[PDB]
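Below is one structure, written out as structure tokens; the observations come after it.
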Amino acid sequence: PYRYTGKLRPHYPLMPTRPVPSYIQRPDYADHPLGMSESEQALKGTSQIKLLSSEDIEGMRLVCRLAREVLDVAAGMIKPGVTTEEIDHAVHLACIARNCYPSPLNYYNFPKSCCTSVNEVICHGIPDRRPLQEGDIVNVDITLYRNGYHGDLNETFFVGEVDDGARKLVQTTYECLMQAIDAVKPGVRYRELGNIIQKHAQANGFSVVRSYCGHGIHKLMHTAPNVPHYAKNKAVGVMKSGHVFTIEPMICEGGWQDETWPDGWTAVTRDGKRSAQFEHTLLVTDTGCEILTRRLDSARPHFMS
Ligand SMILES: CO[C@@H]1C(=O)CC[C@@](C)(O)[C@@]1(O)[C@@]1(C)O[C@@H]1CC=C(C)C
Ligand SMILES: [Co+2]
Ligand SMILES: [Co+2]
Ligand SMILES: [Co+2]
Ligand SMILES: [K+]
């Protein structure tokens with residue numbers, strides 16, 4: 001019998017799977033019975049990092065801007081009483097309204113159109129019938145697919161008033177991300193970002209999840225490079241102009257250890273304490289990076305409003 005690590009439980013049944021009208025272009029895994037991607041299988045095992053063409057950069061700018069618009073739709077719905085399923089429904093419609101496919105939907109049979117990660121959920125939480133509670137923290141992770149390209153971002157949000165521990169965890173996590181982004185430029189080793197993130201997390205009494213990493217993204221949802229967020233990692237590769245990847249630190253109040261729910265997706269702290277995450281998709285430029293998933297109409301993430 002599965003022993004839950006914290007207070008959270010899945011709230012079933014799920015509403016029937018939401019359809020995407022056929023005029024929306026679909027990634028290859030959308031119609032695979034196990035949600036496997038033939039294009040991913042063909043590239044599996046590569047450590048070759050794509051140098052994006054100008055056409056690819058235009059494709060990544062567009063899908064990442066639309067992904068930010070969809071996260072912003074989700075951010076507007078965060079309040080006590082709203083279920084994660086209701087947020088996912090709004091996200092699904094917002095994706096379709098922008099002629100995008102919701103990348104998570106049927107990815108290895110993932111059942112929903114975004115990931116909603118409350119409290120002790122590290123990542124990949126499945127939207128369900130649980131209403132958000134005053135005091136919760138919730139990550140919404142949006143991945144969209146447009147014209148052959150995926151874009152990926154996430155923010156952690158407060159549900160009503162939260163305690164000082166929630167404030168410190170979310171603020172430190174956001175700082176970890178911005179300190180890592182600020183280091184991105186040609187010639188920096190991908191393994192260096194984890195030293196920066198862990199140094200800031202540890203300084204604030206938090207741990208860094210080891211089982212999940214930032215990743216290459218463009219024609220595949222994940223590919224080279226692998227970008228760990230913890231110190232002294234063995235990530236292979238050196239940043240060059242035209243590289244596109246995510247940085248998405250998952251930081252925990254307690255220990256770093258994770259386990260998975262019987263659903264096969266929900267990653268939780270083994271100790272049941274809270275975890276927060278922020279994510280941007282980055283394009284390395286000749287001298288810095290472009291934050292493809294940046295908020296355009298505000299300097300700050302939603303939790304600071
Ligand atoms: C590199 O992996 C990724 C990782 O470590 C960070 C967290 C995820 C969710 O992005 C990841 O786990 C993905 C890409 O494998 C997961 C499949 C994606 C969805 C939306 C279900
Ligand atoms: Co993501
Ligand atoms: Co990601
Ligand atoms: Co995969
Ligand atoms: K969380």
(request) Step through the residues of the range 92-101 one at a time and calculate ³J(HN,Hα) from phi using the Karplus curve (6.51 cos²θ - 1.76 cosθ + 1.60, θ = phi - 60°), rounding each to whole Hz and writing x for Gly and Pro. (result) 4, 5, 5, 4, 4, 4, 9, 6, 10, 8
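Fewest Cβ neighbours within 10 Å first, please rank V268, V159, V238 accordingly. Walk me through the numbers before you get to the answer.
Details: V268 25, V159 21, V238 14.
Lowest to highest Cβ neighbour count: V238, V159, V268.
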(request) State, to one decimal in nm, how far the label point of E58 lies from the label point of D271, with both points 7 Å from Cα in the Cβ direction. (result) 5.0
(request) Straight distance only, please: which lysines reach the Cα of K232 with their own Cα at less than 22 Å, same-chain residues fewer than 8 apart left out? (result) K185, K199, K240
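Which semi-axis lengths, in whole Å and largest first, follow from the square roots of five times the eigenvalues of the Cα gyration tensor of the chain? Before the final figure, lay out each step's value.
Numbers: eigenvalues 137, 118, 67 Å².
Square roots of five times the eigenvalues give 26, 24, 18 Å.
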(message) Could you check the spin-label model distance between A42 and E86? Points 7 Å from the Cα along Cα→Cβ, value in nm.
(response) 4.3
(request) Mind giving me the FRET efficiency for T285 and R3? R0 is 51 Å, r the Cβ-Cβ distance, nearest 0.05 is fine. (result) 0.60
(request) For an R0 of 22 angstrom, estimate the FRET efficiency from the Cβ-Cβ distance between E69 and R26 and round to the nearest 0.05. (result) 0.60
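Rounded to the nearest 0.05, what FRET efficiency is calculated for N109 and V238 with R0 set to 35 Å and r the Cβ-Cβ distance?
Efficiency, from the Cβ-Cβ distance: 0.45.
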(request) Report ³J(HN,Hα) in whole Hz for each residue of the range 105-114, in order, from the Karplus equation J = 6.51 cos²θ - 1.76 cosθ + 1.60 where θ = phi - 60°; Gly and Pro get x. (result) 5, 6, 5, 6, 6, 3, x, 10, 10, 6
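By average Cβ neighbour count within 10 Å, what is the ranking of 164-174, 294-304, 257-267, 48-58 from highest down?
Details: 164-174: 18.5, 294-304: 12.8, 257-267: 16.5, 48-58: 14.6.
Ranked by mean Cβ neighbours within 10 Å, highest first: 164-174, 257-267, 48-58, 294-304.
What does the highest-first list of 102-115, 275-288, 197-210, 73-86 look like by mean Cβ count within 10 Å? Write down the numbers at each step before the final one.
On the way: 102-115: 23.5, 275-288: 21.9, 197-210: 19.1, 73-86: 17.0.
By packing density, highest mean first, the sequence is 102-115, 275-288, 197-210, 73-86.
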(message) What whole-number distance in Å separates the alpha-carbon centres of the range 23-42 and the range 190-255?
(response) 26
(message) Run the paramagnetic zone check for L34: 7 angstrom along Cα to Cβ, then residues of the range 232-272 with backbone nitrogen under 17 Å.
(response) 264-265
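No lab work stands behind these numbers, since they all come straight from the coordinates. All Cβ positions, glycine included, derive from the backbone under ideal geometry; neighbour counts span all protein chains shown.
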